[PDB]
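Protein chains get the first letters and strands the later ones, always in sequence-line order, with residue 1 at the start of each.
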Amino acid sequence: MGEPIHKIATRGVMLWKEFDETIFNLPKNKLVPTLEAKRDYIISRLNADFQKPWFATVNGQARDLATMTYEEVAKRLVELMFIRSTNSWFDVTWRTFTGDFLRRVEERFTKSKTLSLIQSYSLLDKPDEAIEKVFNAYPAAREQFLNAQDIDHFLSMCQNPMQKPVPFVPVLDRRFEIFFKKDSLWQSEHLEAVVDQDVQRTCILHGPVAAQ
Amino acid sequence: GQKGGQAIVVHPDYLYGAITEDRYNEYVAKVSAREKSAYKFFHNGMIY
Amino acid sequence: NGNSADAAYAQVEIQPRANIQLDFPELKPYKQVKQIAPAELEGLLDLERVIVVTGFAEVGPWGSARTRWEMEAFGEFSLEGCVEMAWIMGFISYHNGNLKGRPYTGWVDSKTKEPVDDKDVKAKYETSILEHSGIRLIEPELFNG
Ligand SMILES: NC(=O)c1ccc[n+]([C@@H]2O[C@H](COP(=O)([O-])OP(=O)(O)OC[C@H]3O[C@@H](n4cnc5c(N)ncnc54)[C@H](OP(=O)(O)O)[C@@H]3O)[C@@H](O)[C@H]2O)c1
């Protein structure tokens, strides 16, 4: 909303500052062109420095949703939303995101009306086994990039208001400021749910005089 | 107007006996990547 | 026993979505492909003088090469063929955004803008697709009256 906030100058916040000066201040007509032009730079900074990394990053290689396989998408969702240290989903709504995605996979790859291999999202409390089970039934989903329809559905699911904001940036478009800035305060209390448990990615509110 | 024609098409797998395993495997990988990019293009194009 | 007794007993059904494929040729492992041609063929041909077809398409009375082949080979459309034909014929259009409040990603009826599930394309459109495809009475609207 354009309101000043005093934050510790972490890499994350220094990236936020830079984007305030160079991206978020631009008028609407110049935003999408600037994102397209700086795309590779923006992706590298998100992945290096920010608490919401670029979603479509597979083994350190920047992609797009359009150039990820269904299996790569499922595994990236588990990597970013499922906490190995506590063996749980950081938020139940993130488990529901991932289960809703795995059902889309079955729908896209099944030849006939069948039973979901994920009857309850509780099965996702062992997420690797659920992924293995869906992609063994539909092994074409390991080799095919997202149908363009499934990219749109995935991005529609990222904007579900009855859900904790996804902890990643899934696209560079007009909503980039919202993806970047929304729900930015919980990470400093839950470093276990941040990419490298890295504090330097996070937004910590703190006053410059009180800091003495 | 007496336009007669004939074409003979041969199964593409007879081409691959003409090349080495390394050439074939390089080709298979390139085609696999191109096919994935084509599906991407096709579905985007169809729906938009 | 109430709803909780039968909620965990009830089970979720997956309806298929059309996943249209380009049908690139299948490439066999080298060992299999090596057995079809004679061994002497390796290095024998000038491959600059071997002509291959790398792509093909059509526009005809049965749509594209994919839909015409389904009709020619099988006499009926798969789910992929029906959705392709419904798209070709303008019966369905894609929609991504708000539709009567709720956010929708998928096919809608081109006329009414009502959502259409892929599984319903056949029941909703197949009769129309088959009546307005192939060899049929001349339609004056296609030929300037
Ligand atoms: N005065 C100050 O110094 C100060 C400092 C810190 C924060 N604040 C205030 O505290 C409020 C929240 O701060 P913020 O920085 O976190 O703003 P924000 O980024 O806009 O807020 C987080 C938003 O994410 C959504 N959300 C988070 N978890 C969710 C869940 N589990 N399920 C569904 N939705 C979820 C909610 O939005 P939806 O309801 O839209 O889904 C919520 O409004 C703001 O009004 C802010 O101004 C003030």
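B:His11 and B:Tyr14 have perpendicular rings, their planes meeting at more than 60° on a 0 to 90° scale where under 30° would count as parallel.
Around CG of C:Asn3, the count of heavy atoms belonging to other residues, nucleotides or ligands within 6.0 Å does not exceed 12. Atom CZ of A:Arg142 has more than 12 heavy atoms from other residues, nucleotides or ligands within 6.0 Å. Counting heavy atoms of neighbouring residues, nucleotides and ligands inside a 6.0 Å radius, atom CD of A:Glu189 does not exceed 12 of them. By the 6.0 Å contact criterion, CG on A:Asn25 is enclosed, its count of non-hydrogen atoms from other residues, nucleotides or ligands being greater than 12. Heavy-atom neighbours of C:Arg102 CZ from other residues, nucleotides or ligands within 6.0 Å: at or below the threshold of 12. For A:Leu26, the CG atom sits in a packed shell: over 12 heavy atoms of surrounding residues, nucleotides or ligands are nearer than 6.0 Å. Atom CZ of A:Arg39 sits in a crowded spot, with more than 12 heavy atoms from other residues, nucleotides or ligands closer than 6.0 Å.
Judged by distance alone, with hydrogens and angles left aside, the side-chain atoms of A:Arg103 form a donor-acceptor pair with the main-chain N or O of A:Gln119 at under 3.5 Å. Between the side chain of A:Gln212 and the backbone N or O of A:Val209, at least one donor-acceptor pair lies under 3.5 Å. Side-chain N or O atoms of C:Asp109 include one that pairs as donor or acceptor with a backbone N or O of C:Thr112 at under 3.5 Å. Side chain of A:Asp91 to backbone of A:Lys164: no donor-acceptor contact under 3.5 angstrom is found. Although no hydrogens or angles enter the test, the distance criterion places no donor-acceptor pair under 3.5 Å between the side chain of C:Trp87 and the main chain of C:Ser93. Between the side chain of C:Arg136 and the main chain of C:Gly134, a donor-acceptor pair closer than 3.5 Å is present. A distance-only check finds no donor-acceptor pair linking the side chain of A:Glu107 to the backbone of C:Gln15 [under 3.5 Å]. In terms of modelled atom types and a separation under 3.5 Å, the side chain of A:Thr57 and the main chain of A:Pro53 share no donor-acceptor contact. At least one donor-acceptor pair closer than 3.5 Å links the side chain of A:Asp198 to the backbone N or O of A:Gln200. In this structure, A:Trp54 contributes its side chain and A:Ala56 its backbone to a donor-acceptor pair below 3.5 Å.
The two atoms that bring C:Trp107 and C:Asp118 nearest to each other are CD1-OD1, 3.5 Å, heavy atoms only. Contact record, A:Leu102 with A:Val134: O-CG1, 4.1 Å, taken as the closest heavy-atom pair. Pairing each heavy atom of C:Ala18 with each of C:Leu79, the nearest pair is N-CD2, 3.6 Å.
Residue pairs meeting the salt bridge (charged side-chain N to carboxylate O under 4.0 Å, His left out) criterion with at least one member in residues 35-44 of chain B: none, sequence neighbours excluded. Pairs passing the ring pair (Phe, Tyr, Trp, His ring centres under 6.0 Å) check and including a residue from residues 19-60 of chain C, sequence neighbours excluded, read B:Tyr24-C:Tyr30.
A:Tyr121 meets the ring-ring contact (aromatic ring centres under 6.0 Å, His included) test with no other residue; sequence neighbours excluded. Partners of C:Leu99 according to the side chain to side chain contact (heavy atoms under 4.5 Å, CB included) rule, which considers only residues two or more places apart in sequence or in another chain, are C:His95, C:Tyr104, C:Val108, C:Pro115. Looking at residues two or more places apart in sequence or on another chain, you find a side chain to side chain contact (heavy atoms under 4.5 Å, CB included) between C:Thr105 and A:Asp152, A:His153, A:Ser156, C:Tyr94, C:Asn96. With sequence neighbours excluded, the residues forming a ring-ring contact (aromatic ring centres under 6.0 Å, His included) with A:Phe180 are A:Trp16, A:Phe19, A:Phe24, A:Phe50, A:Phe176, listed by chain and number.
Proximity of A:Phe55 to A:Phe179: side-chain heavy atoms (C-beta onward) are nowhere separated by under 4.5 Å. Between C:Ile14 and A:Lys113, the closest side-chain pair of non-hydrogen atoms is not below 4.5 Å. For the pair A:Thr110/A:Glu106, no side-chain contact is recorded, criterion being any heavy-atom separation below 4.5 Å from C-beta on. Side-chain contact between A:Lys75 and A:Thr69: absent, with no pair of heavy atoms (C-beta onward) separated by less than 4.5 Å. Proximity of A:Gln187 to A:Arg201: side-chain heavy atoms (C-beta onward) are nowhere separated by under 4.5 Å. The side-chain heavy atoms of A:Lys111 and C:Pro16, taken from C-beta on, include no pair separated by under 4.5 Å. Between C:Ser133 and C:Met85 the shortest side-chain heavy-atom distance falls below 4.5 Å. Put simply, the side chain of A:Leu80 reaches to within 4.5 Å of the side chain of A:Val195, judged on heavy atoms.
In this model, no donor atom of one side chain and acceptor atom of the other lie less than 3.5 Å apart for C:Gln21 and B:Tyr39.
A:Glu192 has no carboxylate O lying under 4.0 Å from a charged side-chain N of A:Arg84, or vice versa, which leaves the two without a salt bridge.
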